[PDB]
Asker: 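Please see the structure below; I have some questions.
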Amino acid sequence: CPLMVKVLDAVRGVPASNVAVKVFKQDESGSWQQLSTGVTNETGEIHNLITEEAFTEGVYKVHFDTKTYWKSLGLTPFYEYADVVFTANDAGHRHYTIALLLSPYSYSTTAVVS
Amino acid sequence: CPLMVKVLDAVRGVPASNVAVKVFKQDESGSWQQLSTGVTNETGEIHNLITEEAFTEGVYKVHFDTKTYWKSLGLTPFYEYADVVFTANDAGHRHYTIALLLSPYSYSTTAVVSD
Amino acid sequence: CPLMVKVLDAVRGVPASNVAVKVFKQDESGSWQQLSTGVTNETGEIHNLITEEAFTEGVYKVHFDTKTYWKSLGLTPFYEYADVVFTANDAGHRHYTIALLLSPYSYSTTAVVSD
Amino acid sequence: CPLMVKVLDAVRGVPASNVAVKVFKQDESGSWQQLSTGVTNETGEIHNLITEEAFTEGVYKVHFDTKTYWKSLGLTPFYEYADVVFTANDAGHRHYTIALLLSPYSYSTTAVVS
Ligand SMILES: N[C@@H](Cc1cc(I)c(Oc2cc(I)c(O)c(I)c2)c(I)c1)C(=O)O
Ligand SMILES: N[C@@H](Cc1cc(I)c(Oc2cc(I)c(O)c(I)c2)c(I)c1)C(=O)O
């Protein structure tokens, strides 16, 4: 799995489950094309988010619906969502983890590339 | 000033100056209309980004060109940029600060909302 | 003011007011000598924590009582407190801001150093 | 393993290896007693950091020597180290992960409790 996510809830101290995620890749044109969609599991992760074959060199957007997550907890969210945008495999085929830490009025993201 | 930014550099321990910022408001179609531009100053801030008159209820995107910032320092950035998207002024007029902390492979953002 | 703090609440989107802060300096023995105290104000800051005269070269601990803060809000905190420890003024006199972002099960701290 | 760590390098996008870690528990007296020491591996983790038997209810300090880590990379560190202090098992025996994200002038820590 060359593209992984790990989402954590900074308020409750647990992984953030049921967070809807979409993966897009930017066109030759420059438009975003949706490649996959999934929902985080109990460990805040998504298995098989993208195949090695579909995950080619280019610019990617990983979109997290953080707003619905906080509404499901009865907390007021500030952000509409969190998008993370990066170039992948520009200098070779690697594995990427997009880590995302959530609070109602803050989020942090870090990329681990191997 | 109802919309403020504060940008910090976690590698150097200084405010991130000369970061290009753009502010957009989503129209009903879903497209983004640019309403502001600026570049952070030596304290990582931008004065007079938008007026109260322009800053009406809606969905906003604050776009930070973090890639150009790190490249100017000779560092290899991971992200293309950082966008921060939120609904504003939907429960009355408020003031907002979008704070952004930058490292080449990480960023954090926090919102402070006051009345 | 050579030592400033800025404390924010990531749950509520407001500065974290009424947070008790203490500043210590390590002596040669390794024990900690208290030099300052304060409580954050409505913007999450403390004025006049220490003077330039007192703030000499050494190792400092800035101690934030984050547990009392979250308990006052009815929230269950994980940490007993947050300490931030660093060497100051070892390459000349500088000014420091210790920024601290709080959630019940997480915190982030960033230092801004100027001359 | 009831007490785990996960340390990441926000500058390089890799787990932070070779970070020295000490685990202390506070005395009845109130003094810190060292229970264990280890060093993060290539995935930023430490196996067998503490046994289930030694990890009893009380107040813990997990100490990370972040200063030597940044010096090993040739970057100037601001902090002397990062200490994370918390009560464990006050309401039952659980597993704890202390996650720690490092930059030369910033760090973030989050606790995941299961
Ligand atoms: N166990 C799996 C999944 C996993 C990946 C990461 I990357 C991680 O590390 C962090 C650190 C911080 I600080 C965060 O705020 C967040 I979100 C994730 C953690 I815990 C777990 C693995 O090792 O691949
Ligand atoms: N002096 C001005 C500007 C200012 C706002 C904030 I909001 C702030 O706080 C943080 C805290 C953390 I942690 C960050 O990573 C970042 I970026 C900013 C700081 I320092 C300064 C004011 O009070 O409005």
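Each chain gets a letter, A, B and so on, in the order its sequence line appears, and its residues count up from 1. Whatever order the structure lists them in is the order used to number ligands and atoms, beginning at 1.
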Asker: Could you tell me whether C/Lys6 approaches ligand 2 through its side chain, its backbone, both or neither, with non-hydrogen atoms closer than 4.0 Å?
Answerer: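 The answer is the side chain.
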Asker: Tell me whether the rings of A/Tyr81 and A/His63 are parallel (<30°), tilted (30 to 60°) or perpendicular (>60°).
Answerer: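 Tilted.
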Asker: If we check ring pair (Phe, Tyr, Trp, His ring centres under 6.0 Å) with A/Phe86, which of these qualifies: B/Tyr105, B/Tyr107, B/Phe78?
Answerer: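 Answer to the ring pair (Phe, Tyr, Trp, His ring centres under 6.0 Å) test with A/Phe86 among B/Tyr105, B/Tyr107, B/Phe78: B/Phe78.
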Asker: Answer yes or no for atom 24 (O) of ligand 2: protein heavy atom present at a distance under 4.0 Å?
Answerer: no
Asker: Yes or no on side-chain contact (heavy atoms from CB on, under 4.5 Å) for C/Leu49 and C/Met4, after CA distance, side-chain angles and deciding distance?
Answerer: CA-CA 7 Å; C/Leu49 205 50; C/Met4 283 177 198; over 6 Å; no
Asker: For D/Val39 and D/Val21, what are the C-alpha separation, side-chain angles and deciding distance, and is it a side-chain contact (heavy atoms from CB on, under 4.5 Å)?
Answerer: CA-CA 6 Å; D/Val39 183; D/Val21 175; over 6 Å; no
Asker: Any idea which atoms of ligand 1 are less than 4.0 Å away from a heavy-atom of D/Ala99?
Answerer: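 This gives 11 (C), 12 (C), 13 (I) as the contact atoms.
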Asker: Mind checking whether B/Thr43 contacts ligand 2 via backbone (N, CA, C, O), side chain (CB onward), both or neither, at a 4.0 Å heavy-atom cut-off?
Answerer: neither
Asker: Which of the atoms of ligand 1 are close to A/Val112, meaning less than 4.0 Å from one of its heavy atoms?
Answerer: 7 (I)
Asker: Between A/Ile98, D/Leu8, D/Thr110, which one has a non-hydrogen atom sitting closest to atom 7 (I) of ligand 1?
Answerer: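 Comparing heavy atoms across A/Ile98, D/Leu8, D/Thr110, the nearest one to atom 7 (I) of ligand 1 lies in D/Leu8.
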Asker: If only side-chain N and O atoms count, and only distance matters, is there a donor-acceptor pair under 3.5 Å linking A/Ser17 with A/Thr40?
Answerer: no
Asker: For the backbone of D/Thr109 and the side chain of C/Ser106, can you confirm whether one donor and one acceptor N or O come within less than 3.5 Å of each other?
Answerer: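 Indeed, once roles are kept as given, a pair shorter than 3.5 Å links the two residues.
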Asker: When you measure from atom 17 (I) of ligand 1 to every protein heavy atom, which one gives the shortest distance, and what is it?
Answerer: A/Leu100 O, 3.1 Å
Asker: Ring centroids only, cut at 6.0 angstrom: are C/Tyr60 and C/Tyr96 within range, meaning strictly under it?
Answerer: no
Asker: Using a 4.0 Å cut-off to any heavy atom of B/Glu45, which atoms of ligand 2 qualify?
Answerer: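 Within the 4.0 Å cut-off of B/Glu45, ligand 2 contributes 2 (C), 3 (C).
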Asker: Which of the numbered atoms in ligand 1 are below 4.0 angstrom from a heavy atom of D/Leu101?
Answerer: 13 (I)
